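One chain follows as structure tokens, the form deposited without the partner chain.
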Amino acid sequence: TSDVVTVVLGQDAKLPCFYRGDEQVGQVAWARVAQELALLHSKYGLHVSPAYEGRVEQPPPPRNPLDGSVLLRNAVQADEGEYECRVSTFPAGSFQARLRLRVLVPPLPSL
């Protein structure tokens, strides 16, 4: 996993957040670095900010109980910045993974 994600404008960007351990995962919250983006619940599955409706997907099943990675669909310029996943872990562990999201605009055509 790389800490910086760069995508072309309008394509979908994966925000990877997978945990190495010895404890299993409870909830993985996703946010921009102050305002909620999504929630991958252990018991309850995926919850998404209405502001991000239809824009948040998980990876295709069968899947990992400890992969908290999400896909942000159809990237725009407004989307770029840094993002934190907060992983509530057992027993008291908290892991926050921050990554930077880069959205690239193509240059003018030659043709």
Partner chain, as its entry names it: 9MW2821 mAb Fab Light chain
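Residue numbers count along the first chain shown, from 1.
Here the subject shifts to the form solved in complex with the partner chain, a form of this protein not shown in this document.
Although the partner is absent here, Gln35 is a contact residue: one of its heavy atoms lies within 4.5 angstroms of the partner chain in the bound PDB entry. Of the heavy atoms in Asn74, some are within 4.5 Å of the partner chain in the bound PDB entry. The closest heavy atom approach of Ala51 to the partner chain in the bound PDB entry falls within 4.5 Å.
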